[PDB]
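Participant:
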Amino acid sequence: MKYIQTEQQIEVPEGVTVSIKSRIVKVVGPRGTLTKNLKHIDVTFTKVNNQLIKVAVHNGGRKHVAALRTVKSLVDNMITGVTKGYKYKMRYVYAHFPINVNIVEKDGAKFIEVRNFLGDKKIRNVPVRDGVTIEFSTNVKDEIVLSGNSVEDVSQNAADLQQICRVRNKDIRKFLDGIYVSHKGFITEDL
Amino acid sequence: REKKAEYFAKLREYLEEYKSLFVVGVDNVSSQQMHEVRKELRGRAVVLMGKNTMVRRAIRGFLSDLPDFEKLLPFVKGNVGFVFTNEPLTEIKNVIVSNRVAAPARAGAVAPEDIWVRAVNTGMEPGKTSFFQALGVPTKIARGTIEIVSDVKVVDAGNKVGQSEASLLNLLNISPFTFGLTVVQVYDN
Amino acid sequence: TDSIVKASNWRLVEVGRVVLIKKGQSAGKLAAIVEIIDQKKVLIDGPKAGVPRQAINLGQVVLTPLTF
Amino acid sequence: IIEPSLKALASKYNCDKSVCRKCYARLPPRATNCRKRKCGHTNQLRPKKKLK
Amino acid sequence: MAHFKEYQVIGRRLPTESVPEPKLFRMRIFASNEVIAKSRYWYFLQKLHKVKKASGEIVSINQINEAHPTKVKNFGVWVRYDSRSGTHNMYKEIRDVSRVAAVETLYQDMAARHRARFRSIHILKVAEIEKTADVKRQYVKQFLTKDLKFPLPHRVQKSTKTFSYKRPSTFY
Amino acid sequence: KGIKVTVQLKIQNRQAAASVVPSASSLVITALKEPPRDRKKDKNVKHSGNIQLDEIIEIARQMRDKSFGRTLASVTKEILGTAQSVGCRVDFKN
RNA sequence: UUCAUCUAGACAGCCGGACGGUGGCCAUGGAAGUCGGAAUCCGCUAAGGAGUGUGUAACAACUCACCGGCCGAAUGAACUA
Ligand SMILES: [Zn+2]
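Residue numbers (the authors' numbering), protein chains in the order written: chain H, 1 to 191; chain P0, 5 to 193; chain M, 3 to 70; chain m, 77 to 128; chain S, 1 to 172; chain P2, 54 to 147.
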């Protein structure tokens, strides 16, 4: 209904550092720097004092002022993700067959795979982006723990490891065998 | 109003003659045991709780019942209300010092403490015989009786219990919902 | 360790702002935009350069960096 | 035989999600309309039938 | 169909020589000129009383201007019309200068949004509401704050000729 | 005393049952009033009558697990003649 | 448009409840709180039914309408074109 003016409150903690030209973002925090690209939203930012950031789509429509709360939550995730990052719980399951997901390194490209899934003979394979680095939960068995400083590139590198395991041309509410994701978390302590 | 249709004669006659107060503060409370231990010794004292205007009850009942309304506001927390009295706590900790009975948090939801197994005399039988009969604990029917000889390591803290596993802990009628009915706020005479 | 954003620097339209008419009768004389009436139209009165107090729109004026 | 809570861990992703009675897609189990255009965001949603 | 005017029109319903001196009805009409104003009178009055224009006359036509066309004032307007499924009332609110200048930019969205037009609208009473911030359509209450700052982005420039050399900027 | 669907609250002790009956309510008119509560139970319904039945209001919740807390006289208008429909003898029938 | 809320603090959320009788009558081989006929609960409360949806064939185990606490102000429905 042609809202006039809209600002909100993006918090910045003490260690991370946000310096921005036009609307792309540079961010360096305590756990390895980053930079990202957001040139499609037509906002303007204002640091007021060292910890707080404005956004503004004034003379916005109504689908504009839905996309300010989305960039209350598109630049915060890299602010948290440069000082926390994301950590993952992906429990396995066996109905009759085992699963040995283990990181082979073909071509020096570090590709994760899975054998012996529902008695298959195809060697599966997953391309693995940077940011992440696969570790397993040691001796608390059959999970996968995926680190990283990114946000999309960890839970597309997780979401496209829990969907290779689709069983096809069968029931899906009895053939519950697969790979699923239990609980994503942050790698810092208490999380 | 959707919520306050009768609230002026709700407790503005209840505490109108009552000056020594015992309070209640809880979330860890039942219903079955709760409102029937609201049926404990009633006949001279009344039991109630407030709501949202307890944040305003500092400045709702400012008609000066007793001139110590600083003791009233900053405990709008939990299932909090009013169980009045006349005489002090000198025998009130001789009744509800350790009272509890409940079912656990829902279907096997969270529960703080830990239990431990011990070779005792129970002597059970296969009833609904699909609970735990092959999970490793000995249900060896000893010509009529059951005597466990194992030391299992299952029970943890902060649980979300599954299908039949919330009737192994509930086989022993275990409830973590203690709440011996407390009195926390200092207000008398 | 520096948390800078660039400028956020435009001109703005304030209650009691100066402004420069560009088309029509007044034709390039300094008004004073005093009071908003809607998003696409405003009130102007700068009546020492010969302008009355009428409601004008904003597809017709341009703006100056002065403000009182 | 799998863990019944891990069965319930699997149950959120595959078993109990609603389905449109006009375009058959998987819909998240509380949702007023659907999410797409060839059904016109219709308002009939049967739940997903079980194994009894 | 111009910038509108507003009138009073003074109708009387011709003197019967059984009982002369009739009752002198009076209205308030929006009109593009004075001679659409006369024909809006014999269309509102034929809904109320037993007249027609060959049964009455017009005593006088007094054009009104506002006592203060120089301030601003929040209005509330009751209109009724018929879009093609049925006759419907209801209400709008305009933040505009004068009573005639509001009914243009009242008709200049009810013709744009609900796609009715001027032979269908029947404005009931153009009420200037009493003060600020006691109004009910909140989309005029965009304009009821202190220090109402907004910049307009993206200042497009007109093109006098057809070949710039500049790759034009839009700083405002 | 009764043949209806017997609730059991029976913590057993050396084969001796808890010899008070938690008493599914099959003997509420057939005790000393008319037989149609347990006698004549498979001939027609037992929702018949609003007649002058009893003023023994004290004993009524003394049998069926007394849980009033505040007033037992609010429950004595409230099972015989409300949970059943053979005897109420007062016009609070709502 | 027509209603009810609405800083006595609301909604969306999140902490904990959600019944004692009664396994209310009938109908029942088997009806219990959730196959059914007929009515149409008390106590207190914050409030719980003579039950809004699951589940044992029937018991029981859950979600709930229904609520007291953290945030703390604006929220929901039925219609219209
Ligand atoms: Zn659809």
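The beta carbon of each residue, even a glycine, is placed where N, CA and C say it ideally should be.
Please work out which residues of its chain come closer than 6 Å, Cβ to Cβ, to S19 (chain H), disregarding the five sequence neighbours upstream and downstream, and give them in chain order.
Facilitator: Closer than 6 Å at Cβ, skipping near neighbours: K26.
Participant: Is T133 (chain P0) close to ligand 1? I mean its beta-carbon at under 6 Å from any heavy atom of the ligand.
Facilitator: It does not: the Cβ of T133 (chain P0) is nowhere closer than 6 Å to a heavy atom of ligand 1.
Participant: Does the beta-carbon distance from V9 (chain S) to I64 (chain S) come in below 7 Å?
Facilitator: Result no, Cβ atoms of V9 (chain S) and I64 (chain S) do not sit closer than 7 Å.
Participant: Look up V100 (chain S) in the DSSP assignment and say whether it is helix, strand or coil.
Facilitator: Three-state DSSP puts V100 (chain S) in a helix.
Participant: Using a Cβ-Cβ cutoff of 7 Å, what residues of the stretch 29-58 of chain M are near chain H? List them in chain order.
Facilitator: Going along the stretch 29-58 of chain M in chain order, one finds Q41 with a Cβ nearer than 7 Å to chain H.
Participant: Taking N100 (chain H) as the reference, which of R31 (chain H), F136 (chain H), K174 (chain H), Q51 (chain H) has the closest Cα?
Facilitator: The residue with the shortest Cα to Cα distance from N100 (chain H) is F136 (chain H).
Participant: What I want to know is whether the C-beta of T118 (chain m) ends up closer than 6 Å to one or more non-hydrogen atoms of ligand 1.
Facilitator: Result yes, Cβ under 6 Å from ligand 1.
Participant: Cβ-heavy atom distance between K93 (chain m) and ligand 1 below 6 Å?
Facilitator: Not under cutoff, so the answer is no.
Participant: Between the Cα of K72 (chain H) and the Cα atoms of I41 (chain H), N102 (chain H), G119 (chain H), which residue gives the shortest distance?
Facilitator: It is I41 (chain H) whose Cα lies nearest to the Cα of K72 (chain H).
Participant: Runs of 4 residues minimum, wholly inside the stretch 21-81 of chain S: which ones carry the alpha helix (DSSP H) assignment?
Facilitator: You should have 37-48.
Participant: Is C141 (chain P2) a contact residue of ligand 1, with contact defined as CB to any heavy atom under 6 Å?
Facilitator: False, no ligand heavy atom lies under 6 Å from that Cβ.
Participant: Looking at C-beta atoms only, is the number of pairs between the stretch 155-171 of chain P0 and the stretch 110-127 of chain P0 that lie closer than 8 Å three or more?
Facilitator: Touching, yes.
Participant: Could you pull out every residue in the same chain whose Cβ sits closer than 7 Å to the Cβ of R97 (chain m), ignoring the five residues on either side in sequence?
Facilitator: So the qualifying residues of the chain are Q120, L121, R122.
Participant: Going by CA-CA distance only, name the one from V44 (chain M), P54 (chain M), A51 (chain M), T3 (chain M) that's closest to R19 (chain M).
Facilitator: Cα-wise, what sits closest to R19 (chain M) is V44 (chain M).
Participant: For ligand 1, is there any heavy atom lying closer than 6 Å to the beta carbon of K124 (chain m)?
Facilitator: No - ligand 1 has no heavy atom lying nearer than 6 Å to the Cβ of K124 (chain m).
Participant: Using three-state DSSP, classify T186 (chain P0) as helix, strand or coil.
Facilitator: Looking at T186 (chain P0) - three-state DSSP - the assignment turns out to be coil, as it is neither helix nor strand.
Participant: What residues from the stretch 145-174 of chain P0 come within 8 Å of chain m, judged by C-beta to C-beta, listed N to C?
Facilitator: For the stretch 145-174 of chain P0, which is checked against every Cβ of chain m, the residues closer than 8 Å are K164, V165, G166, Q167, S168, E169.
Participant: Can the beta-carbon of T126 (chain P0) be found less than 7 Å from the beta-carbon of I145 (chain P0)?
Facilitator: Their beta carbons are not under 7 Å apart, which means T126 (chain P0) does not touch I145 (chain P0) by this criterion.
Participant: Return the residue from the list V74 (chain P2), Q68 (chain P2), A69 (chain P2), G55 (chain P2) that minimises the CA-CA distance to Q61 (chain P2).
Facilitator: When only C-alpha atoms are compared, the closest one is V74 (chain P2).
Participant: Going by DSSP in three states, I77 (chain m) sits in which element: helix, strand or coil?
Facilitator: It is coil, neither helix nor strand.
Participant: Taking all protein chains shown into account, do 16 or more other C-beta atoms lie within 10 angstroms of the C-beta of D118 (chain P2), making it buried, or fewer, making it exposed?
Facilitator: Exposed, because fewer than 16 other Cβ atoms sit within 10 Å of the Cβ of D118 (chain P2).
Participant: Would you say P151 (chain S) lies against chain M (beta-carbon separation less than 7 Å)?
Facilitator: True, the Cβ-Cβ gap to chain M drops below 7 Å.
Participant: Residues of chain S with CB closer than 9 Å to the CB of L60 (chain M), please, in chain order.
Facilitator: Per Cβ cutoff of 9 Å: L152.
Participant: Opposite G11 (chain S) in the DSSP bridges: which residues?
Facilitator: In the DSSP output, where bridge partners are listed per residue, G11 (chain S) has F25 (chain S), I58 (chain S).
Participant: Could you check what DSSP says for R115 (chain H) in three-state terms: helix, strand or coil?
Facilitator: Three-state DSSP puts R115 (chain H) in a strand.
Participant: Can you tell me the Cβ-Cβ gap for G148 (chain H) and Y86 (chain H), rounded? I've got them flagged as a contact below 8 Å.
Facilitator: Contact flag correct, Cβ pair sits at about 6 Å.
Participant: For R124 (chain H) versus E113 (chain H), is the C-beta spacing smaller than 7 Å?
Facilitator: Result yes, Cβ atoms of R124 (chain H) and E113 (chain H) sit closer than 7 Å.
Participant: So, under 8 Å CB-CB, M90 (chain H) and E143 (chain H) are touching, yes? Tell me the CB distance rounded to an integer number of Å.
Facilitator: The pair is a contact, with the Cβ atoms about 6 Å apart (cut-off 8 Å).
Participant: Please list the segments of the beta strand (DSSP E) lying wholly inside the stretch 6-71 of chain H, counting only runs of 3 or more residues, in order along the chain.
Facilitator: As far as the stretch 6-71 of chain H is concerned, its whole beta strand (DSSP E) runs of at least 3 residues are 17-19, 25-28, 34-36, 52-54.
Participant: Give a single yes or no on whether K122 (chain H) has its beta carbon closer than 6 Å to a heavy atom of ligand 1.
Facilitator: No, Cβ of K122 (chain H) sits at least 6 Å from all heavy atoms of ligand 1.
Participant: Beta carbon of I23 (chain M), beta carbon of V63 (chain M): below 7 Å?
Facilitator: Yes. Within cutoff.
Participant: If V15 (chain M) sits next to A34 (chain M), beta carbons under 8 Å apart, how far is it from one beta carbon to the other, in whole angstroms?
Facilitator: At roughly 12 Å, the Cβ-Cβ gap does not stay under 8 Å, so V15 (chain M) and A34 (chain M) are not in contact.
Participant: Starting from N77 (chain H), follow the alpha helix (DSSP H) in both directions and report where the run begins and ends.
Facilitator: First-last of the alpha helix (DSSP H) with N77 (chain H): 76-81.
Participant: Whole angstroms are fine: how far does the CA of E44 (chain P0) sit from the CA of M116 (chain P2)?
Facilitator: So the two alpha carbons sit approximately 20 Å from each other.
Participant: Should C91 (chain m) be flagged as near chain H, meaning a C-beta pair shorter than 7 Å?
Facilitator: It does: the Cβ of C91 (chain m) has a partner Cβ on chain H nearer than 7 Å.
Participant: Establish whether the CB of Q142 (chain S) and some CB of chain H are separated by less than 7 Å.
Facilitator: Output row for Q142 (chain S): interface = yes.
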